[PDB]
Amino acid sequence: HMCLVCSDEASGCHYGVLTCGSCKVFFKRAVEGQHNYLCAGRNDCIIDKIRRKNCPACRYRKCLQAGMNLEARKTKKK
């Protein structure tokens, strides 16, 4: 299937969302680093397999908007 963030091949539902392993780990690192990324464009960068490295701000924004959340399994269990 397809990662909902970067369109690469997805490796499961991570943190609530069908995503590839690279996006899974990017997301956990972003949340736990509480990094404050800034876009160099217009907050609408193309995030695909090549370009996902280019804008961590837009990649992270796509993660969050797709509904990724570290407590996804904890919420869904409930």
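Here, rigid core means the biggest group of C-alpha atoms that superpose within 1.5 Å across both forms. Start at 1 with the first residue shown and count on from there.
Superposing on the core and measuring CA offsets in 5 other deposited structures of this protein, the stretch of 49-57 and 27-35 with the greater mean deviation is 27-35. With 8-16 and 64-72 as candidates, the stretch whose CA atoms show the greater average offset from this form in 5 other deposited structures of this protein after a core fit is 64-72.
Checked against the record, the higher mean CA B factor of 50-58 and 63-71 lies with 63-71. With 38-46 and 25-33 compared on mean CA B-factor from the PDB entry, the stretch scoring higher is 25-33.
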